[PDB]
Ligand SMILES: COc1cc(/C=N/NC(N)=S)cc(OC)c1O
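Next comes just one chain, in structure tokens: the form deposited without this ligand.
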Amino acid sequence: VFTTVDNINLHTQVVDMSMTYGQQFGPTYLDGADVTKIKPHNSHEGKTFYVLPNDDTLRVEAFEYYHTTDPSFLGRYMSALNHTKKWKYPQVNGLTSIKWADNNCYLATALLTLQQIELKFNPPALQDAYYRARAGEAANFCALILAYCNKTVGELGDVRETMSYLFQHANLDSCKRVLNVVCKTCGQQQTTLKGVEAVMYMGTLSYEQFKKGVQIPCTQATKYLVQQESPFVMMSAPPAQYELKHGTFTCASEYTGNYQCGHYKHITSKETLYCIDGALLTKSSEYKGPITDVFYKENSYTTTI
């Protein structure tokens, strides 16, 4: 048979029918199911298998595809895939969603959001699954998202936290946010953020109000945006009522329920406002509801006065 870790480079070996896979290879998975305890059925010859890296060439191949040396990563990924490959991934309004199952509401909103913003992932396994997800096959993408966030199937997830984990594995080096806070006592201090901190802010959902001025305490001073060089901006705030106006944003995440046990729903702005709840779709002209994250498009911004 064949054993690999990246599925790009394969290594051919043979198995004895009377010895279980673990003694010959180590922890071995097939199609997301652990075949370590299973003895070789001999029904499949030449089939590709996933093994935890043992050699040094395997360890190096594993990092070049995943960008991690954690030995637990492969196991956490294969156990997530075992669930995600039986989920349904319908296509709603030209976007790939997820039929609700095992509290994946936060995963679906993230998947729909990632298909609407410009992003490039540094780990090749993430980028390759990102492409496959856009086409309509996102089982490996959702499993990798769980493994990189160290989350499990059924576990309760927050969209803002999931996006920030994903942003740290993406090339946001070109992004830049220049801030300036002014206090009548301390004066004026100019700070310059870069990377994940340049595309995310917690406090308001309104990109305008962030450009206008938000009130943060000083050692209350006012914080306003001065320059933004990012393909997008994520505006996060604790869940509250908000009126989404058609054409003033890209997409938003709605959270309705109690802390940690509420349900996420996704709103996107097209020719009208659309609401995606897994496999369901809802259309309206304007939206008002509990909103916690709003995504805006951007290329370059420079403050005036």
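Throughout, we count residues from 1 along the sequence that is shown. The term rigid core refers to the maximal set of C-alpha atoms that superpose within 1.5 Å between the two forms.
- In summary, of the stretches 176-184 and 120-128, 176-184 shows the greater Cα distance from the shown form in 4 other deposited structures of this protein, with structures fitted on the rigid core.
- The stretch that moves more in 4 other deposited structures of this protein, judged by CA deviation after a rigid core superposition and choosing between 277-285 and 16-24, is 16-24.
- Per the record, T219 and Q220 are separated by 1 to 3 deposited residues that are missing from the model.
- Mean CA B-factor, 151-159 versus 170-178: the higher value falls on 170-178.
- Look at the mean CA B-factor for 187-195 and for 76-84 in the entry; the higher one is 187-195.
- If you compare the C-alpha temperature factors of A33, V60, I267, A279 in the entry, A33 comes out highest.
- Among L144, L114, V214, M202, the highest C-alpha B-factor in the deposited entry belongs to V214.
- In this PDB entry, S206 carries a Cα temperature factor that places it within the middle third of its chain's modelled residues.
- Ranked by Cα temperature factor within the chain, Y131 sits in the lowest third according to the deposited record.
- For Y224, the recorded CA temperature factor ranks within the highest third of the chain's modelled residues.
- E45 sits in the highest third of its chain by CA B factor, as recorded in the PDB entry.
- The entry lists a Cα temperature factor for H263 that places it in the middle third of the chain's modelled residues.
Keep in mind that the form deposited with this ligand bound is not shown, yet the notes after this line are about it.
- When this ligand is considered in the deposited complex, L52 lines it closely, a heavy atom lying within 4.5 Å.
- Of the heavy atoms in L74, some are within 4.5 Å of this ligand in the deposited complex.
- At the 4.5 Å threshold, heavy atoms of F249 stay clear of this ligand in the deposited complex, well away from it.
- Contact check for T48: no non-hydrogen atom falls within 4.5 Å of this ligand in the deposited complex.
- For the marked spot (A80, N82 and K86), a heavy atom within 4.5 Å of this ligand in the deposited complex is absent from each of the three residues.
- Using a 4.5 Å cut-off on any heavy atom, the residues of 47-65 that reach this ligand in the deposited complex are, in sequence order, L52, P53, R59, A62, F63.
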